[PDB]
Structure formats: C-alpha cells, structure tokens
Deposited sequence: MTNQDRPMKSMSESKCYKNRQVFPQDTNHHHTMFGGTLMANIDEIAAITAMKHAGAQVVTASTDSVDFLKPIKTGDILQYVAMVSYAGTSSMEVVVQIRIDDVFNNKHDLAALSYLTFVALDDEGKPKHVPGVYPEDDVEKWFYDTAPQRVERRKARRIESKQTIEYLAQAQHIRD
C-alpha cells in the first residue's frame, strides 16, 4: 500500500500561557491542553489520511509536569501507527526554554469517505530516531487499546441493561 513518512504529515503548535489560562496556583487548565491536543491531532490525522477523520478514542493523556503562567509551549503531533482505516497520533507537549516534556498523549483516529464509511489510509514509516521510538513502541499500545475495547463492551452492555 502507499506509504508516507511520519514527518510528512507532522504538525506543530506554538502557544503562550497567560494568567487567564491558569488557575490560582498558576497551573494551566487541563481542558485547554486537551482541546489543543485533540485539535492538532485531528489535523495531523487528516493530513496523513488525505480524508476526513473522526476521533475513535483518546488512548491516553499523561500530564507529566505542571505547566505554569508565563511558560511557552510547543506541540508536536504525528502518526505513529497506521492500521487499515485507523491511525494512532502521538502528541508531545513541551515547555520551550532546549525543551522539557510537559505532557504526552496518544489518540486513535478513523478515516472516513464521503459516504461516512471507514476508508483505507496509507502506511507510515519513521526516518529519525524519535520517530522510530514512537513507531516501534506503537504495536504494544495498539494491542493494549484493543484489550481495553474488549473490556469496555462488557461495561456498555451492563449500562444498557441498567436502563431497562
């Protein structure tokens, strides 16, 4: 199948952190971060897929270090895994000084056709070491995400029964 580099659809974001972006302890609101993460990931996935996409799941968001008033942020997003119709997008959130990693997130997107049906996406390959790390560690993440979906179906059925 047609292949793309991870760099090819890679997206960047630069953002300032203002007092209105943080709580009274000067820590940036998680919701704002989450909104930015999803936004940049969706564009990256659309670029890789060459089609419209939908967020299937947020696999994880880890908040490693507090982001503070006055900090400058750089977001880096890229496709780290390509299934048949699905993509894993990895998003790094760094505090710009040289850069410190403030947060790490993985999301899964599904490409859709004009009919709204899942559509095939190109494969992806890394070119430099970091890209290779994310590419190499993805299959394990994917398998875990799949196991979690399996368990989730049990909960959904229980919750559907709870309503009747």
(message) In sequence order, which parts of the deposited sequence are missing C-alpha coordinates?
(response) 1 to 5, 103 to 106, 174 to 176
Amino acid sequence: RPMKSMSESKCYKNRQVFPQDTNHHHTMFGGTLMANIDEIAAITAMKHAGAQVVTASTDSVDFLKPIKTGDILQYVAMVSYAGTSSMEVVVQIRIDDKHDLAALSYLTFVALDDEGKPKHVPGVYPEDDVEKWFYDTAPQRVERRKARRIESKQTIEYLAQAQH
From here on, numbers count along this sequence of modelled residues.
(request) Output the stretch having the higher mean C-alpha B factor in the entry; the candidates are 35 to 43 and 115 to 123. (result) 115 to 123
(request) Look up the CA B-factors in the entry and say which stretch, 104 to 112 or 126 to 134, has the higher mean. (result) 126 to 134
(request) Could you tell me which one of 25, 153, 13, 145 shows the highest CA temperature factor in the PDB record? (result) 25
(message) Looking at the temperature factor on the CA atom of residue 162, which third of the chain's modelled residues does it land in?
(response) middle
(request) Would you mind checking where the Cα B-factor of residue 86 ranks among the modelled residues of its chain, as the lowest, middle or highest third? (result) middle
(message) Ranking every modelled residue in this chain by its Cα temperature factor as given in the entry, which third contains residue 51?
(response) highest
